[PDB]
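Chains as they are written, first to last, in our numbering: chain A, 11 to 435; chain B, 8 to 432; chain C, -9 to 426; chain D, 94 to 515.
A virtual CB, placed ideally from N, CA and C, is assigned to each residue, including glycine.
Heads up, the thing below is written out as C-alpha cells.
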Amino acid sequence: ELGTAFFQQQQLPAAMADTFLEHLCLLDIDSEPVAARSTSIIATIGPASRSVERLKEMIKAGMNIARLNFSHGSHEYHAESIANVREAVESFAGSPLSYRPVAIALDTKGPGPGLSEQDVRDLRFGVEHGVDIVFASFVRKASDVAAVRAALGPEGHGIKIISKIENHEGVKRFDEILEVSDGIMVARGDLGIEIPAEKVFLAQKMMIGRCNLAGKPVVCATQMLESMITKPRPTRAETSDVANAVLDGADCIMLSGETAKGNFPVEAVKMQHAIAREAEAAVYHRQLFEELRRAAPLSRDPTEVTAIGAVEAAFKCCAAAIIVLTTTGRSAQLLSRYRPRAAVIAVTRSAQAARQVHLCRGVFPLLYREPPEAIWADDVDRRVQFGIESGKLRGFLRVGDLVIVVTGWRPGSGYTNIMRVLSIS
Amino acid sequence: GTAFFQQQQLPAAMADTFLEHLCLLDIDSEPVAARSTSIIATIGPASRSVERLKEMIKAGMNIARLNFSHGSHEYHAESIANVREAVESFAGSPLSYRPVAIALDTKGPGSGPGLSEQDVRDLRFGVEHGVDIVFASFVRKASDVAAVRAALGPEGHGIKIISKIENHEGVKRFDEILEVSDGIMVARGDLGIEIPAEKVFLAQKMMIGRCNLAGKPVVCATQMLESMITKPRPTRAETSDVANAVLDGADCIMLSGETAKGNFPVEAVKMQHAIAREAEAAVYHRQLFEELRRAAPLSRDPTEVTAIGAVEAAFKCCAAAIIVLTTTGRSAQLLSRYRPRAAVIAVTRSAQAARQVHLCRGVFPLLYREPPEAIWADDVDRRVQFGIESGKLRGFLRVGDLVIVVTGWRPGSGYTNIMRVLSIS
Amino acid sequence: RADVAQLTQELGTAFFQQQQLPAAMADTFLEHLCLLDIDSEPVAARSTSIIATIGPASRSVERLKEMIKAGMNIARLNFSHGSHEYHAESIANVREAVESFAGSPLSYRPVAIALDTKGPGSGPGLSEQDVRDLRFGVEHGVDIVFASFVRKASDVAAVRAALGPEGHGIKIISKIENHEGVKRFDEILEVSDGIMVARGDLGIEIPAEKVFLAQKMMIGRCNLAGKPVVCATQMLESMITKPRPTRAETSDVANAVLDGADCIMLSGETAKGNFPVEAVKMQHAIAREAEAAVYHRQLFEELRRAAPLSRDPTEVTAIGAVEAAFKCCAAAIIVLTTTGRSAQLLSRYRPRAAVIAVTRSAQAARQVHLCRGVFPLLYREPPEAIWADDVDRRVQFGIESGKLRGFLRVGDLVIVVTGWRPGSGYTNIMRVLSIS
Amino acid sequence: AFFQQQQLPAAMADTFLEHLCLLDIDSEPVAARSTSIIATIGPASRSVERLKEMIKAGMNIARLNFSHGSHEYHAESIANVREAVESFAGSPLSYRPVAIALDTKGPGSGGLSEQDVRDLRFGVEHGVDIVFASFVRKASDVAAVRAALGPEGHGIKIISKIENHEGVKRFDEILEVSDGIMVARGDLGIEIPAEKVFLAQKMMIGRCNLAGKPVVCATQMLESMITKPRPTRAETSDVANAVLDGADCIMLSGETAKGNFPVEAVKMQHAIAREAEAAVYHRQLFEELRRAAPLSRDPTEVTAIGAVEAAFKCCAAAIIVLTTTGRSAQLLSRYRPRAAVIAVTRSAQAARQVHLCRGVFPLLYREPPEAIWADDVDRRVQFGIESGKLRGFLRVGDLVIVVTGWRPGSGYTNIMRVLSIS
Ligand SMILES: O=S(=O)(c1ccc(CN(c2ccc(O)c(O)c2)S(=O)(=O)c2ccc(O)c(O)c2)cc1)c1ccc(O)c(O)c1
Ligand SMILES: O=P(O)(O)OC[C@H]1O[C@](O)(COP(=O)(O)O)[C@@H](O)[C@@H]1O
Ligand SMILES: O=P(O)(O)OC[C@H]1O[C@](O)(COP(=O)(O)O)[C@@H](O)[C@@H]1O
Ligand SMILES: O=P(O)(O)OC[C@H]1O[C@](O)(COP(=O)(O)O)[C@@H](O)[C@@H]1O
Ligand SMILES: O=P(O)(O)OC[C@H]1O[C@](O)(COP(=O)(O)O)[C@@H](O)[C@@H]1O
Ligand SMILES: O=C([O-])C(=O)[O-]
Ligand SMILES: O=C([O-])C(=O)[O-]
Ligand SMILES: O=C([O-])C(=O)[O-]
Ligand SMILES: O=C([O-])C(=O)[O-]
Ligand SMILES: [K+]
Ligand SMILES: [K+]
Ligand SMILES: [K+]
Ligand SMILES: [K+]
Ligand SMILES: [Mg+2]
Ligand SMILES: [Mg+2]
Ligand SMILES: [Mg+2]
Ligand SMILES: [Mg+2]
C-alpha cells in the first residue's frame, strides 16, 4: 500500500529495531530523509545579515528565529533590525507557499547580583517592539527568572523566557530555574569558562534530557559551526556536534557569529538545515516514545491525554502530519513533547503564537487570517482544510495520505480533547 | 485519592518488573472494576427453568451454550425460548437490561472427514432460530470452517464461528484455522484425551496467546469447576485453574456440567464471576499493553488507529470507561484487543452485535432502543448519553471520572475515526 | 537469529526444537506463549521436588520403593493423625525402601523426611502436643519440619526452641494457613528456612477466590528471598478415587511450577488415595513439561535486576556460574557443598542447567530437595591426603553420576563450582569444563 | 560518598531518559581512562623529551603517517618513541607500553600500490604492532595487505580505514577479515555528504562493538587546538560523543603532528574521555551486549561473560586476566565492564596491541618462569594486584575477579575466581 521504497527512506529499518544497538547497526547513509526539517534554526542578526535582501535569502535557507544580541549595538540599531526582518518576512505575505513567519528573540546583555539596570531598559524595549522570545543571560536561580518576568511590564506576559544556563550556580539550581522558565538555552560559551571544558557535554546532555522530560523547549548554542565564519564548509567535529545536539533532543539550534559577522551567513543556515534533516531521521523513536510515555506522569488534563493519544495514533498509521488547531500554541507544544515522526502542522489565528511555536521541535506554524464563519464547527473545518491545503502545497501531504487532526470541543484556548483520523482527499 | 490507589491491585500494576508485581499482590486490595471475562453457561435440565435462568443472568451468565450433542431440535427450541423469556424479563429497565448471547455447539463430524449431515441440519436450525455464535466441534483444517460457513447460508452471514480445537491435527493447523475463524475454543475435554493430559496446558497457553495477538476472542472450556457438579464449593485446584485461564488472557470461561446438570448452576456462575474479578485486577497491564502494542502491526485502517490511540489515552488518565458506538461490534473488538483496564461500554442498536460482543473481554454491551433523531450528530450524542447514564447507574462511572468516547464520521459500520476525552458530569 | 545461527549449526536444529527452546528465546512473553509447542519434548530432568504424604495407602516398603522410582523426593508425616509409634514405623519403612538402592552409589536417590506438626488449634502459640512431636522428630532424625498455622515470627522461634540444641540442623518450613500469617509474611519468611502455601486451611480462613493471589505473592516473595516454597493441598484431588486427574488439576500443578514453587505436594492423594504411585508419576510428568515452558529469558534478567549487589564470594560465584551456564547451554552445574548453601545460591537464579550437588553430609543431601533444580549426590569415599585431589575425586564422581544418569554426554559443557579451602562458606571458584 | 562519584546515580536509573537527568557535573570520575589515545607523530611531537611528555599526558598508540616523510624519517621517529618509552622501564610496576602504528599512503587512483608494499615491508622490518590500511574497499584489499606483510608480519594487527562509499557498503565483508576498523572521517566527509558521516560513524562503531573488534574514531576531533590552547564547544562534544558511541580508540592527527599544542590536546582528550566513560549507561549497555552476543561453546568466551557478570555483582575494582596473545582480555573488553581489565602478559607485542581494546590496561611481566606452573600463575596474579594497588586501581578490601586457564599456552582460559584484596 505504501511500497518497499517507502520503508527504506528516513531510517525506517533502523527505527523498527528491537534494541538501540541494532538501531545503530541499521543506520544507512543511502537512506534519504523524506520528512521536513523539524529542529528550528536561530540566526543572530548582525551586520552580515541585516539588509532586507540578505534576510529574504536567510528565510529561504531555513531561518525560523531571528536573534538580536543586546550585548552589542544601540536600541535604534536593533529597532531597524526588527523593521528589516518584518519587512523581509512580509515580502512573501502574498504567496502562502513562501510565507513563513519568523520569531524575534531578544538576547539580554546580562547581570551584578540580579537584573542589571541596562537589562530592564532592554527588556522594556523588547516589550514596546513586540518581541516573541527573551534569552535571559546568566540565570542563576528562580528569582532571576521572576525578575525578568516582572521587567516584562503589564504587556509582555505573553513573551517566552528562555533561561540561559551559563555558570555552575544555574547548573545546580537547574530544577528551580526550569520550573519557572518557559525553556532553557545551553549557553556553552560562558559555560565552558565557568565550569571545566570537559564537563560541558554532561551539562548539555543533562539539561536537554530534563527539558525533554519537562516538555519545555531547549536550545543548543555557541560554536556549532564556528569555522563557517571564515570557511564555506565546517569541520568534521562541527557537523558531528550539530547532529548530536539534534540527537540529544534539542528543540532549536543556534548560529551566533556565523550569521551575525561571518562571511558565510546564508551558507551556515543551509548547512544546519541539512544536518538536522539527517539527524532527525536517525532518532530511535521506538525507545524514545516508550520512555517519554513511561516517564510522563499520568494526567487528568484532556489536552495532555489527547496529545499522547494522537502521537500514538500517528505512529500506528505512519501519519503524514498531525494538524492541530491552537490559539496559544500549548496544544502543539504538548504534541511536540512526545517527539512524533509526523510533522505537527499548527494552525493559529495568533501571529505571536505562530512565531513562538518555532521554539518547539516539529511544529510548523500556519497563520490563518480568514474571517470567522457564523457556525463554529464550520470555522474549525475551514482551518483544518487550510492545514491540509498548505500541507499539500509545501510537499508534506499527498492524496491518499493519513493525517491525525487535533481539535477541541468548544471555542477558546485549553479545551483540546478530540483526535480524528483523516484520509487526505 | 490515597484509597483509590490501594484497590484493584494498583500498587502491583505500577511495578517495574513482573517479579515485583507478584510481590505487591495484596489479598486486602479489593476489585473495583466490573468483571470483564464473560461466562458461558451450558444449558441443560439444571438450567432450563425461566426463574432459574433469571438468577443465572443476575449471577453473571453472558452466553447460553446449547450442546447439540444431546437433545432434539424441539428441546433446544424450548431452551432458546426460556433463555429469551428470562432475558426479556428485565427489558423494562433498558439502562439495567443484560443481553445474553445464544451459542450453538455442534455435534461434530465423528467418524466422518468433514461436515456431517446432522451438523448441516443443526446449523440450519441455528440460522432459523437466530443463534449468535456457533461452536464448531472438532475443527481440523480451514476447509472445515468454510464448510460450516457455507452450511449457515446467506441468512446466517452475521453468525460468529468459534472453532473448537479438540485434537492434535487442529493444534498443528491452528494458524490456518484461526485465520478463517472468528475465534477459538480450547476444548480441553477432548484435547486431554487426543493429546497427553500433561501437554494440554501448553496448547491452552499457546492458543490463548496466539488469539490475543490476532485480536480474536478465545474461550477456555471444560472441568473448570467440575467438583461443583455435586459440591457447594470448588477445590483449590479448580479456583486456581479459573484464575490462571483469566491471567493467560482468555476472553471467555465456560461451565458445562456445572450449569447443565449440576446441583449448583447459579452458584457455579457466582463462583466464576468472583474468581474472574480477582484475577483481572492482578493482570500486569504495564507489560501486557506494551507487548500488545509492540506486537500489533502497522495499520492504515482508521478504526484500528483510533482503537490504539483511544486505549493509550485511557491509560494516561486512568479512564473509568471507553464508550464506543458500534454496528457490527468491530470497533469494540478493536478496543478490547489492546486489553485496556477501562471498561469498553459499547452502545449499539443491533441486538445480535450486543449479544455477540460478550465474546470479547472487557466489552459491556448496551442495546439502544430509541428511534433515530432527524439530525445524525444529535442521535450520536443521545447514544453517548445513554452510555454515560447506564455507566453511572450500573456503577462504572462517577461524576468527576474521565471517559474516552469513540465514534465515527458518518453512519454505518466501518467509519470509526474519532476519539474524545470527556469528563463525567 | 544471528545470536543462535552458530550454535544452531553446532548443536543442531533438532536440539533447539526440544524443551521449549524456541519459546524461551522469544523477545517478548506474548511471543513466548505463541511459541509453546506440544510436540517439543522435555529433555532435562525434573527439577521441582515432589512431597508425598505417607499414610496407609503408601506405607509398605514395597509400595514406597515404587513411589521412589516414580519420583518421590520428600516423605511427609502428618502428625495430625496417628501415634508416635505409627510414625516411627513409617520412618523405618521409608528408610528401608531408600537404602534398598544404596548398593549403587552413582544411582542411589536420597529421600528427605518431613514432620508436619498438628498445630496450635485454639491456643495462641506452640501447643503441648507439638512440643512432644517436635522432640520425637529430633530423636528420630527428621530433616524438615512443616510448622502448622504460623502467625508471627515468635511462632517459628517457639518451634526452633522446642527442637532444642540437638535439632539445630532441621529446616523450618512455616505453613501460612490464615489471614494473620499472610499479613505478617515478611517477618515470618525472614526467620523461617522456607514457606508452605497451605491452600486447604487458607481457602477457609480467606475467600477461596483470593487464595491464588496469596499463592502467587508468597511464591514470588520466596523466589526473591532465595528460600524454598512449597505449593500444597488438592493439586490432583480427583486421583484419590480416579486414575486420571481433571483439566483443572493438571492446570493447577503446571501453574504452581510456573509460578516458581520449589516443591509440589500430594496429601490425601498418596496417604489414602487408590492411586498413590499414579499421582507421583502424574506430578512428575506435568512438572517436566512446565519447567521447559518457563520463560527463563525474563526470569533470569528479573532475578538479576531484583537481587542486591553482594560482596559474598559464594553469592558472586553463584550468579557468575549461572550466567556462564546460560551462555554455552551447560548440561549441568556441579557444585561441591557441605551444608547445601552453595547449591541453594545457584538454585535461586533458576538456571536451566541441572545443579548436581556433591556432598558428604547425608542430611544436606536430603534437605537440598527443598531447592528446585538441585540433584544431590552423597559422596561416601574417605578423604584423600591432598585436599585438591579429594576435590577432584568428588568432581569426577559428579561427572560420572551425571553421565550414568543421562544428565551428561561427551561433548557437553559443564560449570564446576568449588572453594579455595575446606569447610563451609569458602565457595569462590567457577570452572568451564568440556565432558570427555 | 562512593555512590556519588563516577556518575553512579545516573547509571542506576531505570530508563535512559532518567540516566540523562541524573548526570551530575559535581560527580568526579574515579576509574582510570579506558579509551586509548592515538597520537600522530610529526615535527611538533618528534623529540624524545616532547614524546616523554605525551606519554605522561596519556598517549597509548603512536601513529606514523606514511603519506608524508621518508623511510629514514619514520625510522628515527620509531627510535625516538622507543627511547622515550624505555626511559620509564626502571619501574616495571609503573611503566607504560606504547604501541606503534603504521598508517599507509593508500591506493590513490589505483588495489595495493607499489609504495604501500615497500612501506608495509618497512613496518615488518622495524617491528610495528598495528597497520592502518588506507582506503580499504573490499575483503580482497585486506588480504592484499596481509600478503604484503608476508610470513614475518603475521602478528601485526590490521585496522581497515573506511574512507569512501564502497568501503561503507562492503563494511560487513571488510570487518569480517580485518582485526578492527578506523572511521576515517576526513576522506569520508569528502566521498559522502558531510551531513551523513555521523550515521556511518555510529553504524560502524555499533557493528564493531557487536563483533567484539576494536574501532577507532579519527580526524578533526580537536582541530582548533592546532592554533588555539582550548577547543571549541563542538570539539569537546565530538570527542565525548565518540566515546559514548563506543569507540575503543580516539585519534589526534594534525593536532599532535603539526599543531602548536600537542601535549595539551592529549591532556584534553584524556580529560573528556574520563568524563564520558563515567556517563556510559552500563545498565542498558551490558544487557544489550549480553542479549546481542551469540551463545558460545568456547570456554574463553563463556568465562569472559561469567567474569564480567561477577564483576558487576560485587562492584569489582578490577578483572585480572592472564593472557598470552591478548585474546582473553579482548573477550572481557567486548562486554564493556566498569571494572578495569588488568591484563598480565609476557609478550611485549600483545601488551602494546591491547591498547586497541577499551578498558584493557596492559602489564608486561618480566620475571622468568617458576618450575611449578601453578606458582608461576600465582606470581603473575600478585604482580597484577601490586601494580593495581600502586597505580591506584586497587585498595585493600576491594574485590577483584581473576581469570586464568587450566593449562599453559594460548586458548585454554576457563577459570574465574573471586578474590579479596589484602
Ligand atoms: O517470564 S515469566 O514467567 C512472566 C510471566 C508473566 C508476564 C506478564 N504477563 C503478560 C505480559 C504480556 C503478555 O502478552 C501476556 O499475555 C502476559 S501477565 O501479567 O499478563 C500474567 C500474569 C499472570 C499469569 O499467570 C500470566 O500467565 C501472565 C511476564 C513474564 C516470569 C518472569 C519473572 C518472574 O519473577 C516470574 O515469576 C515469572
Ligand atoms: O492550544 P490551545 O491554545 O489550548 O488552543 C486549543 C483550543 O483551540 C481550539 O482547538 C480551536 O478553537 P478556537 O476557535 O477558539 O480557536 C479549541 O477548540 C481549543 O479549545
Ligand atoms: O464498529 P462498526 O461496526 O464499525 O460500527 C461503528 C459505526 O457506528 C458509528 O459510530 C455510528 O453510526 P450509526 O449512526 O450507523 O450507528 C459510525 O459512525 C461507525 O462507523
Ligand atoms: O555450600 P557450603 O556449605 O558453603 O560448602 C562449600 C565448601 O565446599 C567446598 O567446595 C569443599 O569443601 P570440603 O573440603 O570441606 O568438603 C569448599 O571449598 C567450600 O568452602
Ligand atoms: O589470551 P590467551 O592467548 O588465550 O591466553 C590465555 C592463556 O593464559 C593462561 O592463563 C596462562 O598461560 P601461560 O602459562 O602460557 O602464560 C593460560 O592458562 C591460558 O591458556
Ligand atoms: O551568551 C551566550 O550564549 C554564551 O555565553 O554561550
Ligand atoms: O465439547 C467440549 O466442550 C470439549 O470437548 O471440551
Ligand atoms: O495443612 C495443610 O497442608 C493445609 O491446610 O493446606
Ligand atoms: O587518513 C585519514 O585518517 C582520513 O582521511 O581521515
Ligand atoms: K548577549
Ligand atoms: K458438542
Ligand atoms: K497438620
Ligand atoms: K595516509
Ligand atoms: Mg553568554
Ligand atoms: Mg468435545
Ligand atoms: Mg492445614
Ligand atoms: Mg585518509
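Per DSSP, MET207/C is paired with what?
In the DSSP output, where bridge partners are listed per residue, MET207/C has none listed.
What residues in the segment 87 to 119 of chain A have a beta carbon less than 7 Å from any beta carbon of chain D?
none
Is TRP410/C close to ligand 4? I mean its beta-carbon at under 7 Å from any heavy atom of the ligand.
yes
Any heavy atom of ligand 14 closer than 7 Å to the beta-carbon of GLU297/B?
no
Following the continuous beta strand (DSSP E) through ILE343/D, name the residue where it begins and the one where it ends.
342 to 345
Please output, in chain order, the residues near ligand 15 using a CB cut-off of less than 6 Å to any non-hydrogen atom of the ligand.
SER144/B, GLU173/B, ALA194/B, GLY196/B, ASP197/B
Terminal residues of the beta strand (DSSP E) in which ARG72/B lies:
68 to 74
Hey, quick one: how far does the beta strand (DSSP E) through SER253/D stretch, first residue to last?
250 to 255
Should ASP222/D go down as buried or exposed, given a rule of 16 or more other Cβ atoms within 10 Å for buried?
buried
Would you mind reading off the limits of the beta strand (DSSP E) that contains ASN94/A?
First-last for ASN94/A: 85 to 100, but that is the alpha helix (DSSP H), not the beta strand (DSSP E).
Do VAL413/B and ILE282/B have their C-beta atoms closer together than 8 Å?
no
Any C-beta of chain B sitting closer than 8 Å to the C-beta of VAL284/C?
no
Under a three-way DSSP split, which group does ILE330/B fall into?
strand
Listed by chain order, chain C residues near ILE202/B by CB distance under 8 Å:
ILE28
Heavy atom of ligand 5 within 7 Å of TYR505/D beta-carbon
yes
Any beta carbon from chain D within less than 8 Å of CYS35/A's own beta carbon?
yes
I'd like the list of long-range same chain contacts for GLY190/C, defined as Cβ closer than 6 Å, with 5 residues on each side in sequence excluded.
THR223
Could you tell me the alpha carbon to alpha carbon distance between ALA53/A and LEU265/A, rounded to whole angstroms?
5 Å
Contact check, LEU449/D vs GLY273/D, beta carbons under 8 Å:
yes
How many angstroms separate the CA atom of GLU265/B from the CA atom of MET68/B?
13 Å
Examine chain D for any beta-carbon lying closer than 8 Å to the beta-carbon of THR240/A, and answer yes or no.
no
Is it the case that the Cβ atoms of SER37/C and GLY392/C are separated by a distance below 8 Å?
no
Between the Cα of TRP499/D and the Cα atoms of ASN264/C, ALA375/C, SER424/C, which residue gives the shortest distance?
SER424/C
Given a threshold of 16 other Cβ atoms within 10 Å of its Cβ, counted over all protein chains shown, does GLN97/D qualify as buried or as exposed?
exposed
Rounded separation between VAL134/B and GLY165/B - CA only
10 Å
Helix, strand or coil, according to DSSP, for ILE184/B in the structure here?
helix
Grouping DSSP H, G and I as helix and E and B as strand, with all else coil, what is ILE114/A?
strand
Return the Cβ separation of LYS148/B and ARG180/B in integer angstroms, given the expectation that the two are a contact with Cβ distance under 8 Å.
5 Å
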